[PDB]
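Coming up is one lone chain in structure tokens, specifically the form deposited without the partner chain.
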């Protein structure tokens, strides 16, 4: 449904939550998603992984006290997960990565 950089970025800045097509790693697991089989589409048709907290362990995203980072998958429709992610802060800063959190660029 809404799973592009601009559609999700704009939905988050406005509704302050992810579109309804997103579930967390946990939620997906409970439903039967097995990462190694790339079956998310078979067990949670029309959904994408999103909403989990991203630690920001390598320090690369801007830090502020009180700020927590969250991640969501972009461009997913079926198969194995890709390398595209949206990173959004508690204060609504939006960043993209298309290299599996190696590097990031500001989008909002």
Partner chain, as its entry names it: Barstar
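Residue numbers count along the first chain shown, from 1.
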**Item:** Mean Cα B-factor comparison, 82-90 or 7-15, giving the higher one as deposited
**Value:** 7-15
**Complete:** Going by the entry, of stretches 59-67 and 22-30 the one with greater average Cα B-factor is 59-67
**Maximum C-alpha temperature factor, selected from 43, 35, 53, 72** = 53
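The discussion below concerns the form deposited with the partner chain bound, not included here.
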**Message:** Residue-level question: is residue 54 within 4.5 Å of the partner chain in the bound PDB entry, judged on heavy atoms?
**Reply:** yes
**Request:** Using the partner position in the bound PDB entry, report whether residue 68 sits within 4.5 Å of the partner chain, counting heavy atoms only.
**Result:** no
**Prompt:** Though only this chain appears here, would residue 64 touch the partner chain in the bound PDB entry if you measure heavy atom gaps against 4.5 Å?
**Reply:** no
